[PDB]
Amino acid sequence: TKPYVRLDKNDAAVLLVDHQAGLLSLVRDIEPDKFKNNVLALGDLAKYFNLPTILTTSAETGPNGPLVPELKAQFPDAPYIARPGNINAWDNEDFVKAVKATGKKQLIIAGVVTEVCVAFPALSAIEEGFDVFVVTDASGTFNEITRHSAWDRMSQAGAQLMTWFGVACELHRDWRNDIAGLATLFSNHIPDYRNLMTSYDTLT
């Protein structure tokens, strides 16, 4: 029937679009403590799984502000495309070149705002033949209407809507591949899971 097009840690690249200091103030559909944790979780999983990662920003030398320091620090050697004008990152030639240079068929995309910086390149990438996976809990926007309208638009085009924990699990496939590593990622980003670990660890 419909094939299950699942994330393959050897055929996926991560695109982090415009998670900038100024732009994050516009994010109100997901509260800040949760949003910050989710964005950092996504960066950590990209690093953990060793997925080619591409960073891009929009007019960072203005109100939009610089890329949040964590991402910059975490991916010092990753392609960093500071777009001076193109709103849709896919319209930037350097950006597309970097994406295609990863040689990956699957693109895991997250950024701000959801309906512009994520949706535009997601739609462009789908037209180009890529398998697109949107991390909806690591992408932010004005409110639930701007968010849900974007979800509808991306889903309609064929984008798979996923969340960071789901992304990590589909990529990892098996705990035995590295229990401690995945457990650390989860403990660092899911207070409830960390608590379960604490109790289990002190008891055993």
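Throughout, we count residues from 1 along the sequence that is shown.
61-69 and 131-139 differ in mean CA B-factor, and the higher of the two is recorded for 61-69.
Comparing the deposited coordinates for 106-114 and 88-96, the stretch with the larger average C-alpha B-factor is 88-96.
Taking only the listed residues 10, 20, 25, 195, the entry reports the highest CA temperature factor at 10. Across the residues 176, 153, 34, 147, the deposited record lists the maximum Cα B factor for 176.
When all modelled residues of the chain are sorted by CA temperature factor, residue 53 is found within the middle third.
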